[PDB]
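The data block below is protein.cif; it holds mmCIF, N, CA and C atoms.
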data_final
loop_
_atom_site.group_PDB
_atom_site.id
_atom_site.type_symbol
_atom_site.label_atom_id
_atom_site.label_comp_id
_atom_site.auth_asym_id
_atom_site.auth_seq_id
_atom_site.Cartn_x
_atom_site.Cartn_y
_atom_site.Cartn_z
ATOM 1 N N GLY A 19 40.771 15.343 27.110
ATOM 2 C CA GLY A 19 40.717 16.395 28.096
ATOM 3 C C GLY A 19 40.197 17.665 27.493
ATOM 4 N N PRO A 20 40.304 18.786 28.207
ATOM 5 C CA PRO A 20 39.792 20.081 27.755
ATOM 6 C C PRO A 20 40.545 20.611 26.548
ATOM 7 N N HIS A 21 39.821 20.856 25.480
ATOM 8 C CA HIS A 21 40.398 21.420 24.272
ATOM 9 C C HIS A 21 40.674 22.891 24.501
ATOM 10 N N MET A 22 39.724 23.557 25.109
ATOM 11 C CA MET A 22 39.848 24.953 25.433
ATOM 12 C C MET A 22 39.757 25.115 26.933
ATOM 13 N N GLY A 23 40.466 26.090 27.466
ATOM 14 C CA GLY A 23 40.434 26.330 28.902
ATOM 15 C C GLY A 23 39.351 27.313 29.262
ATOM 16 N N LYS A 24 38.783 27.905 28.245
ATOM 17 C CA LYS A 24 37.754 28.883 28.400
ATOM 18 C C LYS A 24 36.387 28.214 28.502
ATOM 19 N N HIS A 25 35.957 28.001 29.711
ATOM 20 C CA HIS A 25 34.651 27.435 29.994
ATOM 21 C C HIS A 25 34.158 27.911 31.339
ATOM 22 N N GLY A 26 33.142 28.714 31.312
ATOM 23 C CA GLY A 26 32.688 29.364 32.501
ATOM 24 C C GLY A 26 31.230 29.161 32.751
ATOM 25 N N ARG A 27 30.873 27.952 33.133
ATOM 26 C CA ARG A 27 29.511 27.636 33.511
ATOM 27 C C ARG A 27 29.086 28.374 34.763
ATOM 28 N N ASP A 28 30.090 28.735 35.577
ATOM 29 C CA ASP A 28 29.909 29.372 36.908
ATOM 30 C C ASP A 28 29.441 28.310 37.927
ATOM 31 N N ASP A 29 29.588 27.058 37.525
ATOM 32 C CA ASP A 29 29.135 25.909 38.325
ATOM 33 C C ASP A 29 30.276 25.199 38.990
ATOM 34 N N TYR A 30 31.450 25.382 38.455
ATOM 35 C CA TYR A 30 32.633 24.654 38.882
ATOM 36 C C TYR A 30 32.981 24.890 40.339
ATOM 37 N N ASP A 31 33.666 23.956 40.905
ATOM 38 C CA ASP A 31 34.072 24.046 42.287
ATOM 39 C C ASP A 31 35.552 24.256 42.353
ATOM 40 N N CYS A 32 36.253 23.556 41.511
ATOM 41 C CA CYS A 32 37.681 23.560 41.541
ATOM 42 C C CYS A 32 38.270 24.040 40.225
ATOM 43 N N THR A 33 39.520 24.387 40.270
ATOM 44 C CA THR A 33 40.282 24.811 39.130
ATOM 45 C C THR A 33 41.723 24.301 39.272
ATOM 46 N N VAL A 34 42.226 23.670 38.254
ATOM 47 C CA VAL A 34 43.584 23.182 38.270
ATOM 48 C C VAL A 34 44.295 23.690 37.014
ATOM 49 N N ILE A 35 45.490 24.226 37.170
ATOM 50 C CA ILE A 35 46.218 24.790 36.044
ATOM 51 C C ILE A 35 47.472 23.976 35.785
ATOM 52 N N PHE A 36 47.655 23.567 34.559
ATOM 53 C CA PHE A 36 48.823 22.830 34.173
ATOM 54 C C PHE A 36 49.803 23.734 33.464
ATOM 55 N N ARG A 37 50.933 23.954 34.073
ATOM 56 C CA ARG A 37 51.960 24.787 33.489
ATOM 57 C C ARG A 37 53.128 23.898 33.079
ATOM 58 N N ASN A 38 53.440 23.874 31.803
ATOM 59 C CA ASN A 38 54.563 23.084 31.309
ATOM 60 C C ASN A 38 55.845 23.747 31.791
ATOM 61 N N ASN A 39 56.654 23.023 32.533
ATOM 62 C CA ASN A 39 57.892 23.578 33.061
ATOM 63 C C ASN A 39 58.981 23.478 32.040
ATOM 64 N N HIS A 40 58.886 22.463 31.191
ATOM 65 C CA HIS A 40 59.877 22.287 30.134
ATOM 66 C C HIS A 40 59.609 23.245 28.987
ATOM 67 N N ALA A 41 58.369 23.665 28.848
ATOM 68 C CA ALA A 41 58.011 24.577 27.791
ATOM 69 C C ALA A 41 57.558 25.925 28.331
ATOM 70 N N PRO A 42 58.409 26.952 28.302
ATOM 71 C CA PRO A 42 58.024 28.284 28.778
ATOM 72 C C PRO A 42 57.130 29.013 27.762
ATOM 73 N N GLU A 43 57.194 28.562 26.516
ATOM 74 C CA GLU A 43 56.449 29.165 25.419
ATOM 75 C C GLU A 43 54.985 28.787 25.485
ATOM 76 N N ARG A 44 54.744 27.553 25.870
ATOM 77 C CA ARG A 44 53.394 27.006 25.997
ATOM 78 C C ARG A 44 52.558 27.773 27.000
ATOM 79 N N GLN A 45 51.287 27.796 26.736
ATOM 80 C CA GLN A 45 50.321 28.436 27.584
ATOM 81 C C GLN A 45 49.843 27.464 28.648
ATOM 82 N N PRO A 46 49.566 27.953 29.864
ATOM 83 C CA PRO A 46 49.079 27.112 30.939
ATOM 84 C C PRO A 46 47.655 26.644 30.670
ATOM 85 N N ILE A 47 47.387 25.417 30.984
ATOM 86 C CA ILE A 47 46.103 24.854 30.759
ATOM 87 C C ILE A 47 45.271 24.994 32.022
ATOM 88 N N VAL A 48 44.358 25.920 32.007
ATOM 89 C CA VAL A 48 43.478 26.141 33.129
ATOM 90 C C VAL A 48 42.227 25.301 32.949
ATOM 91 N N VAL A 49 42.031 24.351 33.819
ATOM 92 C CA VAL A 49 40.882 23.493 33.735
ATOM 93 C C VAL A 49 40.002 23.699 34.947
ATOM 94 N N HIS A 50 38.748 23.950 34.711
ATOM 95 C CA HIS A 50 37.806 24.121 35.774
ATOM 96 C C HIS A 50 37.149 22.787 36.008
ATOM 97 N N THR A 51 36.990 22.414 37.240
ATOM 98 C CA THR A 51 36.449 21.129 37.595
ATOM 99 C C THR A 51 35.466 21.266 38.771
ATOM 100 N N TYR A 52 34.910 20.166 39.219
ATOM 101 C CA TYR A 52 34.013 20.163 40.372
ATOM 102 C C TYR A 52 34.651 19.400 41.507
ATOM 103 N N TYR A 53 34.022 19.406 42.675
ATOM 104 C CA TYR A 53 34.548 18.653 43.809
ATOM 105 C C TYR A 53 34.669 17.179 43.496
ATOM 106 N N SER A 54 35.887 16.694 43.625
ATOM 107 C CA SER A 54 36.245 15.300 43.478
ATOM 108 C C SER A 54 35.695 14.646 42.203
ATOM 109 N N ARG A 55 36.352 14.942 41.133
ATOM 110 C CA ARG A 55 36.045 14.448 39.827
ATOM 111 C C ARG A 55 37.336 13.874 39.282
ATOM 112 N N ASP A 56 37.300 13.374 38.100
ATOM 113 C CA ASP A 56 38.498 12.966 37.425
ATOM 114 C C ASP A 56 38.924 14.123 36.566
ATOM 115 N N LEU A 57 40.179 14.202 36.276
ATOM 116 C CA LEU A 57 40.700 15.248 35.481
ATOM 117 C C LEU A 57 41.612 14.672 34.410
ATOM 118 N N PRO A 58 41.076 14.434 33.216
ATOM 119 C CA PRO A 58 41.858 13.972 32.096
ATOM 120 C C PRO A 58 42.572 15.141 31.430
ATOM 121 N N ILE A 59 43.859 15.099 31.456
ATOM 122 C CA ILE A 59 44.656 16.133 30.865
ATOM 123 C C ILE A 59 45.691 15.481 29.938
ATOM 124 N N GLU A 60 45.843 15.972 28.757
ATOM 125 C CA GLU A 60 46.846 15.422 27.875
ATOM 126 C C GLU A 60 48.116 16.261 27.921
ATOM 127 N N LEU A 61 49.116 15.743 28.576
ATOM 128 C CA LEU A 61 50.415 16.382 28.683
ATOM 129 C C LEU A 61 51.354 15.674 27.779
ATOM 130 N N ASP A 62 51.903 16.418 26.825
ATOM 131 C CA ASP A 62 52.829 15.893 25.793
ATOM 132 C C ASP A 62 52.062 14.923 24.875
ATOM 133 N N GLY A 63 50.742 15.041 24.907
ATOM 134 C CA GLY A 63 49.884 14.164 24.144
ATOM 135 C C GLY A 63 49.459 12.945 24.947
ATOM 136 N N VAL A 64 49.955 12.842 26.163
ATOM 137 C CA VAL A 64 49.656 11.716 27.020
ATOM 138 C C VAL A 64 48.556 12.097 27.984
ATOM 139 N N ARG A 65 47.438 11.430 27.883
ATOM 140 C CA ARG A 65 46.331 11.640 28.775
ATOM 141 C C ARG A 65 46.667 11.137 30.168
ATOM 142 N N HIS A 66 46.526 11.986 31.124
ATOM 143 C CA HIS A 66 46.641 11.604 32.493
ATOM 144 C C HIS A 66 45.291 11.821 33.104
ATOM 145 N N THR A 67 44.684 10.782 33.590
ATOM 146 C CA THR A 67 43.424 10.911 34.243
ATOM 147 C C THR A 67 43.707 11.038 35.722
ATOM 148 N N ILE A 68 43.604 12.223 36.215
ATOM 149 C CA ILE A 68 43.959 12.514 37.569
ATOM 150 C C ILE A 68 42.735 12.454 38.437
ATOM 151 N N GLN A 69 42.891 12.003 39.634
ATOM 152 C CA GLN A 69 41.800 11.973 40.550
ATOM 153 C C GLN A 69 41.838 13.237 41.384
ATOM 154 N N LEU A 70 40.764 13.962 41.390
ATOM 155 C CA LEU A 70 40.639 15.108 42.241
ATOM 156 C C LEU A 70 39.945 14.709 43.510
ATOM 157 N N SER A 71 40.407 15.233 44.584
ATOM 158 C CA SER A 71 39.792 15.060 45.855
ATOM 159 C C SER A 71 39.780 16.413 46.547
ATOM 160 N N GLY A 72 38.647 17.104 46.452
ATOM 161 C CA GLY A 72 38.509 18.431 47.055
ATOM 162 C C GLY A 72 39.505 19.431 46.488
ATOM 163 N N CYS A 73 39.443 19.625 45.167
ATOM 164 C CA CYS A 73 40.305 20.573 44.414
ATOM 165 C C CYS A 73 41.785 20.180 44.450
ATOM 166 N N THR A 74 42.061 19.036 45.027
ATOM 167 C CA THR A 74 43.390 18.551 45.174
ATOM 168 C C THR A 74 43.552 17.266 44.343
ATOM 169 N N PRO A 75 44.311 17.329 43.251
ATOM 170 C CA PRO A 75 44.585 16.174 42.407
ATOM 171 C C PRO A 75 45.717 15.314 42.952
ATOM 172 N N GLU A 76 45.933 14.179 42.323
ATOM 173 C CA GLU A 76 47.013 13.307 42.696
ATOM 174 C C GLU A 76 48.254 13.669 41.932
ATOM 175 N N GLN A 77 49.266 14.073 42.660
ATOM 176 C CA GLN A 77 50.537 14.482 42.088
ATOM 177 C C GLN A 77 51.215 13.287 41.430
ATOM 178 N N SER A 78 50.825 12.122 41.865
ATOM 179 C CA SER A 78 51.331 10.888 41.370
ATOM 180 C C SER A 78 50.957 10.673 39.900
ATOM 181 N N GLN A 79 49.886 11.326 39.441
ATOM 182 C CA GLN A 79 49.482 11.178 38.063
ATOM 183 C C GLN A 79 50.215 12.190 37.198
ATOM 184 N N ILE A 80 50.874 13.131 37.839
ATOM 185 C CA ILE A 80 51.496 14.231 37.137
ATOM 186 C C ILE A 80 52.891 13.847 36.673
ATOM 187 N N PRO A 81 53.193 14.031 35.389
ATOM 188 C CA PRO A 81 54.521 13.784 34.854
ATOM 189 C C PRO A 81 55.525 14.831 35.336
ATOM 190 N N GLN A 82 56.772 14.560 35.120
ATOM 191 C CA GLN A 82 57.816 15.474 35.486
ATOM 192 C C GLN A 82 57.873 16.604 34.465
ATOM 193 N N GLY A 83 58.172 17.774 34.926
ATOM 194 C CA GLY A 83 58.282 18.888 34.041
ATOM 195 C C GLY A 83 56.990 19.615 33.856
ATOM 196 N N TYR A 84 56.063 19.383 34.748
ATOM 197 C CA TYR A 84 54.784 20.026 34.699
ATOM 198 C C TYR A 84 54.362 20.483 36.075
ATOM 199 N N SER A 85 54.047 21.731 36.173
ATOM 200 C CA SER A 85 53.560 22.304 37.383
ATOM 201 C C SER A 85 52.075 22.281 37.389
ATOM 202 N N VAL A 86 51.552 21.738 38.411
ATOM 203 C CA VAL A 86 50.145 21.646 38.575
ATOM 204 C C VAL A 86 49.728 22.549 39.709
ATOM 205 N N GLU A 87 48.954 23.527 39.368
ATOM 206 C CA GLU A 87 48.519 24.536 40.289
ATOM 207 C C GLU A 87 47.109 24.202 40.721
ATOM 208 N N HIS A 88 46.881 24.163 42.010
ATOM 209 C CA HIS A 88 45.591 23.732 42.533
ATOM 210 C C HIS A 88 44.898 24.910 43.126
ATOM 211 N N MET A 89 43.623 25.025 42.864
ATOM 212 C CA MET A 89 42.821 26.068 43.435
ATOM 213 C C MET A 89 41.365 25.763 43.262
ATOM 214 N N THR A 90 40.558 26.573 43.829
ATOM 215 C CA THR A 90 39.175 26.435 43.666
ATOM 216 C C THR A 90 38.770 27.324 42.527
ATOM 217 N N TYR A 91 37.630 27.054 41.966
ATOM 218 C CA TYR A 91 37.085 27.842 40.880
ATOM 219 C C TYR A 91 36.925 29.290 41.320
ATOM 220 N N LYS A 92 36.552 29.448 42.564
ATOM 221 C CA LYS A 92 36.321 30.745 43.164
ATOM 222 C C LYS A 92 37.631 31.494 43.277
ATOM 223 N N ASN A 93 38.655 30.791 43.719
ATOM 224 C CA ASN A 93 39.994 31.390 43.808
ATOM 225 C C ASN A 93 40.526 31.735 42.447
ATOM 226 N N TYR A 94 40.284 30.887 41.490
ATOM 227 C CA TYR A 94 40.688 31.170 40.137
ATOM 228 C C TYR A 94 40.036 32.458 39.639
ATOM 229 N N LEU A 95 38.733 32.566 39.859
ATOM 230 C CA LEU A 95 37.963 33.706 39.420
ATOM 231 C C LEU A 95 38.500 34.973 40.065
ATOM 232 N N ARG A 96 38.737 34.901 41.366
ATOM 233 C CA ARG A 96 39.221 36.056 42.099
ATOM 234 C C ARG A 96 40.617 36.438 41.591
ATOM 235 N N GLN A 97 41.425 35.440 41.253
ATOM 236 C CA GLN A 97 42.772 35.693 40.807
ATOM 237 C C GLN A 97 42.816 36.278 39.418
ATOM 238 N N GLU A 98 41.995 35.784 38.509
ATOM 239 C CA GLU A 98 41.981 36.343 37.165
ATOM 240 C C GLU A 98 41.496 37.783 37.212
ATOM 241 N N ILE A 99 40.542 38.058 38.099
ATOM 242 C CA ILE A 99 40.026 39.395 38.237
ATOM 243 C C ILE A 99 41.109 40.300 38.804
ATOM 244 N N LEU A 100 41.809 39.803 39.783
ATOM 245 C CA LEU A 100 42.835 40.576 40.469
ATOM 246 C C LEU A 100 44.092 40.751 39.640
ATOM 247 N N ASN A 101 44.314 39.870 38.710
ATOM 248 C CA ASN A 101 45.499 39.964 37.885
ATOM 249 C C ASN A 101 45.242 40.643 36.570
ATOM 250 N N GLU A 102 44.092 40.412 35.973
ATOM 251 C CA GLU A 102 43.837 41.018 34.675
ATOM 252 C C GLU A 102 43.187 42.356 34.872
ATOM 253 N N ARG A 103 42.321 42.387 35.862
ATOM 254 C CA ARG A 103 41.460 43.516 36.173
ATOM 255 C C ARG A 103 40.539 43.768 34.972
ATOM 256 N N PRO A 104 39.564 42.844 34.746
ATOM 257 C CA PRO A 104 38.656 42.920 33.601
ATOM 258 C C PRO A 104 37.541 43.920 33.825
ATOM 259 N N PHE A 105 37.379 44.300 35.063
ATOM 260 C CA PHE A 105 36.386 45.253 35.448
ATOM 261 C C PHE A 105 36.980 46.606 35.446
ATOM 262 N N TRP A 106 36.171 47.573 35.207
ATOM 263 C CA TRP A 106 36.662 48.874 34.961
ATOM 264 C C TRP A 106 36.469 49.789 36.162
ATOM 265 N N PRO A 107 37.400 50.733 36.385
ATOM 266 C CA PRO A 107 37.262 51.737 37.421
ATOM 267 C C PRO A 107 36.318 52.843 36.953
#

For this file, produce the structure as structure tokens.
Amino acid sequence: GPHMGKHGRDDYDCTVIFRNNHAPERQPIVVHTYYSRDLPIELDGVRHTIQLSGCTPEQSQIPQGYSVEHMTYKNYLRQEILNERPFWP
């Protein structure tokens, strides 16, 4: 799966964030994806190949103790901008 979450081709359609619920210390894994692709994510070292269907993955592939946040790449972009405010006044 994605080694780094930092990948901004500006081509992506979807964005899925994996937040470890058992681990508050761990950083959320933000993965950018396209419309209906597979999403290989290694949780606890275990690869889960999730099926995306319109920015919506299969919760059935998701282990317990992990929050999977679903969004579009566009929503992700808007949210990072709105939360970090990388642009200057």

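As for atom C of residue 53 in chain A and atom C of residue 82 in chain A, they are spaced 24.9 Å apart.
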
All residues 10 Å or closer to residue 81 in chain A, only C-alpha atoms, same chain fewer than 5 positions away omitted, as an mmCIF file with N, CA and C atoms, in the coordinates of the input:
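Saved the output as part_29.cif:
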data_model
loop_
_atom_site.group_PDB
_atom_site.id
_atom_site.type_symbol
_atom_site.label_atom_id
_atom_site.label_comp_id
_atom_site.auth_asym_id
_atom_site.auth_seq_id
_atom_site.Cartn_x
_atom_site.Cartn_y
_atom_site.Cartn_z
ATOM 1 N N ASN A 38 53.440 23.874 31.803
ATOM 2 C CA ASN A 38 54.563 23.084 31.309
ATOM 3 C C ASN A 38 55.845 23.747 31.791
ATOM 4 N N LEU A 61 49.116 15.743 28.576
ATOM 5 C CA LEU A 61 50.415 16.382 28.683
ATOM 6 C C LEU A 61 51.354 15.674 27.779
ATOM 7 N N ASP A 62 51.903 16.418 26.825
ATOM 8 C CA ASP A 62 52.829 15.893 25.793
ATOM 9 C C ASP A 62 52.062 14.923 24.875
ATOM 10 N N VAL A 64 49.955 12.842 26.163
ATOM 11 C CA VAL A 64 49.656 11.716 27.020
ATOM 12 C C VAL A 64 48.556 12.097 27.984
ATOM 13 N N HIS A 66 46.526 11.986 31.124
ATOM 14 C CA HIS A 66 46.641 11.604 32.493
ATOM 15 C C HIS A 66 45.291 11.821 33.104
ATOM 16 N N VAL A 86 51.552 21.738 38.411
ATOM 17 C CA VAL A 86 50.145 21.646 38.575
ATOM 18 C C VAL A 86 49.728 22.549 39.709
#

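Atom N of residue 34 in chain A sits 5.4 Å away from CA of residue 88 in chain A.
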
Exercise: residue 31 in chain A partners within 6 Å, only N, CA and C atoms, chain neighbours under 3 positions left out, as a PyMOL selection string: chain A and resi 51-53+90-92

Backbone-only DSSP, helix (DSSP H, G or I) members of range 24-99 of chain A, as a count of residues only: 12

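Here CA of residue 43 in chain A stands at a distance of 15.2 Å from atom N of residue 63 in chain A.
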
Centre and size of axis-aligned box enclosing range 23-37 of chain A plus 3 Å each side, as AutoDock Vina command-line options:
--center_x 41.1 --center_y 26.1 --center_z 34.9 --size_x 30.0 --size_y 12.5 --size_z 20.9

Polymer residues at most 8 Å from residue 25 in chain A, only N, CA and C atoms, same-chain spacing of 6 or more positions, as an MDAnalysis selection string: chainID A and resid 48:50

All residues 8 Å or closer to residue 83 in chain A, only N, CA and C atoms, same chain fewer than 5 positions away omitted, as number ranges by chain: A: 37-41

Neighbour list for residue 72 in chain A as a count of residues only, cut-off 6 Å, all atoms listed in the file, skip fewer than 2 positions in-chain: 4

Shortest interatomic distance to residue 87 in chain A - which of A:101, A:33, A:67, A:45, counting all atoms listed in the file: A:33

Please return, as a CSV table (one decimal) with N, CA and C atoms, in the coordinates of the input, all residues of chain A that DSSP assigns to strand (DSSP E) on the basis of the backbone.
chain,number,residue,atom,x,y,z
A,32,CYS,N,36.3,23.6,41.5
A,32,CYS,CA,37.7,23.6,41.5
A,32,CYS,C,38.3,24.0,40.2
A,33,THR,N,39.5,24.4,40.3
A,33,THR,CA,40.3,24.8,39.1
A,33,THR,C,41.7,24.3,39.3
A,34,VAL,N,42.2,23.7,38.3
A,34,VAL,CA,43.6,23.2,38.3
A,34,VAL,C,44.3,23.7,37.0
A,35,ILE,N,45.5,24.2,37.2
A,35,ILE,CA,46.2,24.8,36.0
A,35,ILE,C,47.5,24.0,35.8
A,36,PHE,N,47.7,23.6,34.6
A,36,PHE,CA,48.8,22.8,34.2
A,36,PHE,C,49.8,23.7,33.5
A,37,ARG,N,50.9,24.0,34.1
A,37,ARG,CA,52.0,24.8,33.5
A,37,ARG,C,53.1,23.9,33.1
A,38,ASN,N,53.4,23.9,31.8
A,38,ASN,CA,54.6,23.1,31.3
A,38,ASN,C,55.8,23.7,31.8
A,47,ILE,N,47.4,25.4,31.0
A,47,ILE,CA,46.1,24.9,30.8
A,47,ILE,C,45.3,25.0,32.0
A,48,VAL,N,44.4,25.9,32.0
A,48,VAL,CA,43.5,26.1,33.1
A,48,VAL,C,42.2,25.3,32.9
A,49,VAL,N,42.0,24.4,33.8
A,49,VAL,CA,40.9,23.5,33.7
A,49,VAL,C,40.0,23.7,34.9
A,50,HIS,N,38.7,24.0,34.7
A,50,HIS,CA,37.8,24.1,35.8
A,50,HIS,C,37.1,22.8,36.0
A,51,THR,N,37.0,22.4,37.2
A,51,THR,CA,36.4,21.1,37.6
A,51,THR,C,35.5,21.3,38.8
A,56,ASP,N,37.3,13.4,38.1
A,56,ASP,CA,38.5,13.0,37.4
A,56,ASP,C,38.9,14.1,36.6
A,57,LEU,N,40.2,14.2,36.3
A,57,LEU,CA,40.7,15.2,35.5
A,57,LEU,C,41.6,14.7,34.4
A,58,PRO,N,41.1,14.4,33.2
A,58,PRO,CA,41.9,14.0,32.1
A,58,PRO,C,42.6,15.1,31.4
A,59,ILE,N,43.9,15.1,31.5
A,59,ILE,CA,44.7,16.1,30.9
A,59,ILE,C,45.7,15.5,29.9
A,60,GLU,N,45.8,16.0,28.8
A,60,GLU,CA,46.8,15.4,27.9
A,60,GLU,C,48.1,16.3,27.9
A,61,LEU,N,49.1,15.7,28.6
A,61,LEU,CA,50.4,16.4,28.7
A,61,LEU,C,51.4,15.7,27.8
A,64,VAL,N,50.0,12.8,26.2
A,64,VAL,CA,49.7,11.7,27.0
A,64,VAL,C,48.6,12.1,28.0
A,65,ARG,N,47.4,11.4,27.9
A,65,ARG,CA,46.3,11.6,28.8
A,65,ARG,C,46.7,11.1,30.2
A,66,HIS,N,46.5,12.0,31.1
A,66,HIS,CA,46.6,11.6,32.5
A,66,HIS,C,45.3,11.8,33.1
A,67,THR,N,44.7,10.8,33.6
A,67,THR,CA,43.4,10.9,34.2
A,67,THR,C,43.7,11.0,35.7
A,68,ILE,N,43.6,12.2,36.2
A,68,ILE,CA,44.0,12.5,37.6
A,68,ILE,C,42.7,12.5,38.4
A,69,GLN,N,42.9,12.0,39.6
A,69,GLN,CA,41.8,12.0,40.6
A,69,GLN,C,41.8,13.2,41.4
A,84,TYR,N,56.1,19.4,34.7
A,84,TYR,CA,54.8,20.0,34.7
A,84,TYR,C,54.4,20.5,36.1
A,85,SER,N,54.0,21.7,36.2
A,85,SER,CA,53.6,22.3,37.4
A,85,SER,C,52.1,22.3,37.4
A,86,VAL,N,51.6,21.7,38.4
A,86,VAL,CA,50.1,21.6,38.6
A,86,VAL,C,49.7,22.5,39.7
A,87,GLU,N,49.0,23.5,39.4
A,87,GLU,CA,48.5,24.5,40.3
A,87,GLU,C,47.1,24.2,40.7
A,88,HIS,N,46.9,24.2,42.0
A,88,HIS,CA,45.6,23.7,42.5
A,88,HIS,C,44.9,24.9,43.1
A,89,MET,N,43.6,25.0,42.9
A,89,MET,CA,42.8,26.1,43.4
A,89,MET,C,41.4,25.8,43.3
A,90,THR,N,40.6,26.6,43.8
A,90,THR,CA,39.2,26.4,43.7
A,90,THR,C,38.8,27.3,42.5

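Between residue 56 in chain A and the residues A:69, A:80, A:35, A:100, the shortest atom-to-atom distance, using all atoms listed in the file, involves A:69.
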